[PDB]
Each structure stands twice: as structure tokens, then as C-alpha cells.
């Protein structure tokens, strides 16, 4: 009701969907309906694929430096419109304005800026075999690719997916999460306004079980880049494989361990622990939700965490002084409380929070308190399963190697981190920790240069860094024969 009805974006403009259906997006801070949003039909998918196939030909036909200049213009527009977009993202996600205006668009554009600079650097190889033959490889665009977004960092994800895709000369059809479809459409406008050819970046809104599914099954789409839950991830990846043997990137969930070594500065450890659990109200996939503390440090560490949790400024996300907002959706809140209850039921020691915040106004949003459990065990549900809400589990150990083994003891493998002042501990531990994203004495920083993604069931492929650009191309090997050809027949 707050906004005009949102339409699909195809061929450098808004078009009417052909399903007759809509859905609504809700501000989770107050329950207000933000907008009616159209549902893409199976035929709308077809339209967007045809648009993308054509746009990609125009885009790939431009020179590298031409793509580079256009993507830079988009970066520039993103910089200037940083605050408008953050405000929109705060409305849609409930995340504090303090975060969206300094992180979401900022780090999204950083990656686009990075890749824009790298377009002329994409190169194949040359390999001499003998005087009369040699080989060269070509890195060619995949063609049409599809991105599927999650709801925790809507625009950032769109950017981190579309940037390398477009830089490598592909077209992307992007499906934002049903929960957070607003910023994705703005991004499509900005691309068009920067000079990105019609059809190169199209946005389809709708549900994953339909639109997402249809993108995953389409025989003309070459690759799917997905970000979401491990369970969904497996279904998306399977449908992508069985339909037409597509390429896949999977950025999934985790239960990332944070190991505080017994020599650690507990102030730093505590700051890290709280950042690794309560930023974006605990809705970051790389969150360090299993915190290992050595028995000699438990009491002091718990106190230091407690002092920090107590000063967390939960509040209205539109207030600049807020640094902890509501969760993204009332149903997701219900799921987090469900997990919190299991922690209580399973005799984990509640250190703080554990409840919904219902006091005046807060009752109108989906606010869960920053919750900390301690004296947890490896068989607890809060320790084994991804919660995706502000729930830290503090776990005690006595042997550093035991801590590592337990850290590794999971089907997840997204992130890991250690806090220590010791050279040998830092590097030796990090080397044995089975995860794709590893932090020493810090947490959460994810530079454009740094390739990120999960080990095991936390992912397939990577985002950011040089490697990701390469994986939005396909290798063609060309053997040139300059001498004679011999047949056995």
C-alpha cells in the first residue's frame, strides 16, 4: 500500500506479468504492507530468457573496455544513490539504516567496481606442442545465467552475482527472494541507466517453488547462481543438473566455529564473538554461531560477552542510533524462538535474551532479543542446526586439538575463525579448519579480492576474487594443426 504495484523488469523496462497473481512484501519493523508485487508466469520466464539471449549478444559484442566503462558508470550511480537504496533496503529487510548505508550498497558496488576493472584482464592460454602444432584456449561467456537471491542482503547479493556475470560478458536473469524483492528492481534500472543493453539484466519476481524452479529447469539457461538454505540448495542444484546439466554456484548456510585460544585477549575475542553473532540481528550466513572457549577463560569471557550484549541498541531500524533491528519476517522470528525453546528444553544455560521483545511498538515488529546460551553440548539442536537468528552457543573445551576436531565435526563448512596472539596457533589451526572462509583475529570482513564460499554442504563454487570471474566463463581449447595429418585408414 505504501508503494505502487511492482512489475517485472525485462528488456530495459518494466513490463506487466501474465500470471494475474501478486504477492505482498511486508516491513518487518511495523507490519505495514510495502507493495503488491507481481508473480512471474511460466511464459514470463520465456520472455525474459529470449530478452536475455538477445541482450547478451549485443553486450558480448562490445569491447572489454566498453563493458568496463559501462559497469563503472553503474558503480558511480550506486555511489550517488547509496542512501536512497539503503533506506529502501531497511524498509524491506528490517536491517538498521546504520548497516544498509555503510555496508549493503557500499560492499555491493565495491565488487562491481572490482570486476569492472578486470574485464580486459580475462585471458586464455597458449601452449606449443611442436613446430607444426599449437593450442590456445578461449574464455567465452556462458551466455544466459540466472541468479537467485536470499533475503538477508538482497541488493548486495544481486550485485555480487551480477557483477562477475556481466563482466564476463553474460546476461543474468535475477530472481530476488519473495521476502525482499524491492532493491533488485532498482538495480535493474541503474544498469539500464548506466548503458547496459536491454535484456542483459532482467528481474523476475515470484516464488522459488515456481519462478525459481522454472529458471532452474530452463534448457537455454547455462548456469544457476544460488544463495540460500542448504536444504533448498540441494533441490535447486539437483533440478539444475537433471534438467540440462547447468553449471552451478551454491552459497549456502553454515554453523561456523569461532575458536578462542587460551592466550587470547578476551576483549577482542568478545567483540569478535558479538560481531560474529548479532550483526544484522544474527542473519548473516558466515555467523560464528558456535563459540569455543577454553575452560580457563569461560567465566571472564561470558562476562565480557554479557557486558557487550547489554549495550546493544535494539530499536527502530530507521533510527540512525539503532544497531540491532527486528528479524526479516514474523514466520522467521517464530522459527528462531522455536530454536530458543529447544535450547531451554535441552538444559543449555541461558545467559541473556531468549525472548521476543513485545514492549510498546516493538510488539508491532518481529524483534527477538540478542540471545546467548552457554554450557552447550555438541548434540544440542541449537549447536547442530543453523538458526539464522541472534543465537550464540558458547561451548567449553580443554584440549586445543579437541576444539578443532569439534569445530570440524559438522556437515557445514562455510566459515571459521580463531582468536590468538600466537603465530603458530593462528596458522596451524586455520590450516586444519575445514571451511572456505577463514578469519584470524577478526570476523565478517569480505573484500572484493577475497574468494568466498563453503566447504562440504555449505557450498559449491565461490564468489568474489579473480577465480569467480573465471568461473563465469567456459574454456574452449583450440588446436591448430599446421603440418600433416596422419590417418591409420
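Numbering follows the first chain given and starts at 1.
Looking at mean Cα B-factors across 37 to 45 and 425 to 433, the upper value is held by 37 to 45.
Comparing 360 to 368 with 253 to 261, the higher mean C-alpha B-factor in the PDB entry belongs to 360 to 368. Ranking 31, 451, 459, 444 by Cα temperature factor from the entry places 31 first.
In this structure the maximum Cα B-factor among 417, 94, 124, 315 is found at 315.
In the deposited entry, the Cα temperature factor of residue 271 places it in the middle third of its chain's modelled residues. Per-chain ranking of the deposited C-alpha B factor places residue 118 in the lowest third. Ranked by Cα temperature factor within the chain, residue 145 sits in the lowest third according to the deposited record. Among the modelled residues of its chain, residue 411 has a C-alpha B-factor that falls in the middle third, as given in the PDB entry.
Per the PDB record, residue ranking by Cα B-factor puts residue 184 in the middle third of the chain.
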